[PDB]
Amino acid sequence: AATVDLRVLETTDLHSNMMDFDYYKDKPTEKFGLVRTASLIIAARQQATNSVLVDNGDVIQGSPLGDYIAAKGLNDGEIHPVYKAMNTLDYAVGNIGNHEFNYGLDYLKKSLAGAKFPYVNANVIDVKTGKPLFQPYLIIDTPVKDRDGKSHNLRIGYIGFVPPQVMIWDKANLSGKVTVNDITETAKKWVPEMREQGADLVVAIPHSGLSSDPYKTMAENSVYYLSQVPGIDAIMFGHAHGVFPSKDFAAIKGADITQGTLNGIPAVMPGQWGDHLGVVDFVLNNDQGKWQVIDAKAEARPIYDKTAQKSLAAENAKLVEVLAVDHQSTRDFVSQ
């Protein structure tokens, strides 16, 4: 007879924009940066009794901080500054995006080793073993409180995916070392196993966009097809750098833009560079024994209100201090 509210939070496509600072203009901004998204995370946690946080990928590359560190290397006794930051925000799990491969598998392994949260990816296959190179999924026991304040253990499964097109985009680094299977086929292979192994919920984290064009194997943007795979309870997506739900996707088959669902499944894509936080909310009930989803909604919360022209998320001082040395080193890197 227990009813549990559960919130799933998501960052995506941070692209190493830790600071709310434009290094080319050498000026602060209110419009991007994890130091501002962090404020949305903290606020969303205060509203929700139970919450978990994931990252979709495209995190270690794509802005001056990422360029500075890729050139510097990770052999100086320090972890990547993106993880210096993210390690303080209580992430449950990370997913591998396409740009994570840009500097080679060795740099990726070193980078992920500094993250204080586990990573998943199910579709990258090691050529030498014929089996996944990374951890395809994790089932993570998670304490939750119901609406009466009683505790329960909820087993949350998380599964990750990257576009097969990394084989072209990172041909030098990947060709002959890995292959990458179709996103939807990979989900059909593993989701039944996750549920058989006791996952109460399955959260898919595909670094992949949204299209309702006819399915063709190896589709880069496979979220619609994933929404049709049984056993997936939420889809925390990314890669397209757009905002879902929004009017931009009203024509997608099966999309309910107000509710943030695709064929009834909640799904969210929170923009780029930390300019939004993804928020999926579930209501779960165990009335017949098993946990069932009785309600599901998704929304992408912006750090900046474009119509009012004002900030909706403060620059977090604690995270600015974590990043201070690396911030000045990034300014030096750009000016050299």
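From 1 onward, residues are counted along the sequence shown.
The mean C-alpha temperature factor is higher for 286-294 when 25-33 and 286-294 are set side by side.
Stretches 142-150 and 233-241 differ in mean C-alpha B factor, with the higher average recorded for 142-150. The entry assigns its greatest Cα B factor, within the set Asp90, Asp76, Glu100, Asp182, to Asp76. Of the candidates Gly254, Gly157, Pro164, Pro266, it is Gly254 whose Cα B-factor is highest according to the PDB record. Ranked by Cα temperature factor within the chain, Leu262 sits in the middle third according to the deposited record. In the deposited entry, the Cα temperature factor of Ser208 places it in the lowest third of its chain's modelled residues. Among all modelled residues in this chain, the alpha-carbon of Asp20 has a temperature factor (C-alpha) in the middle third. For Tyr225, the recorded CA B-factor ranks within the middle third of the chain. Only modelled residues enter the ranking.
Among all modelled residues in its chain, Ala308 ranks in the highest third by Cα B-factor.
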